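A.B. asks:
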Amino acid sequence: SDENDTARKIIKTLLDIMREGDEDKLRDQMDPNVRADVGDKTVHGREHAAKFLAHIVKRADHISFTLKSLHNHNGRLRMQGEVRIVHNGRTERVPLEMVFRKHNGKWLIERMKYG
């Protein structure tokens with residue numbers, strides 16, 4: 000129950016959900032109007048974004064996220080970092096920015112920008 004533990008906890012919960020690959024759990028983490036930018040592609044809405052993200056994560060033999068910057072205040076959290084993906088022995092590092100909004104004591108992803 001450490002307020003300064005917010006970021007680490009959100010990252011691990013999210014990573015474990017994605018590693019599990021359960022689409023419904025991923026949806027539960029998203030704002031209804033979440034926006035996800037993976038590269039040039041843009042996905043709108045919880046149902047579309049969860050499906051799309053859950054599928055692509057399946058190619059990742061390993062996925063991690065190293066936090067580089069964080070701004071957290073008044074139930075609004077922004078974090079910027081590097082995703083490390085491993086696929087068939089090849090490692091790739093890609094910038095990721097995510098914005099979270101706390102509702103009813105629960106953090107929901109409002110925006111995600113990968114690449």
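Residues 0 to 114 (the authors' numbering) are what the sequence shown spells out, left to right.
Virtual Cβ for every residue (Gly too), placed ideally from N, Cα, C.
Distance, Cα to Cα, residue 103 vs residue 81?
C.D. replies: If you draw a straight line from the Cα of residue 103 to the Cα of residue 81, it is about 29 angstroms long.
A.B. asks: On the CB-based measure, 16 or more other CB atoms within 10 Å of its CB, does residue 45 come out buried or exposed?
C.D. replies: buried
A.B. asks: Going by beta-carbon coordinates alone, are residue 76 and residue 5 separated by less than 8 angstroms?
C.D. replies: It is a contact, given that the beta carbons lie within the stated cut-off.
A.B. asks: Between the alpha carbons of residue 51 and residue 42, how many angstroms are there, rounded?
C.D. replies: The C-alpha of residue 42 is placed about 8 angstroms away from the C-alpha of residue 51.
A.B. asks: Give me the residue from 24, 10, 66 and 39 with the minimum Cα distance to residue 49.
C.D. replies: Of the candidates 24, 10, 66 and 39, the one whose C-alpha sits nearest the C-alpha of residue 49 is 24.
A.B. asks: Please report the straight-line C-alpha distance between residue 91 and residue 40, rounded to a whole angstrom.
C.D. replies: 19 angstroms
A.B. asks: Have a look at 20, 47, 21 and 18 and flag the residue whose alpha-carbon is nearest the alpha-carbon of residue 32.
C.D. replies: For the residues 20, 47, 21 and 18, the minimum Cα distance to residue 32 belongs to 47.
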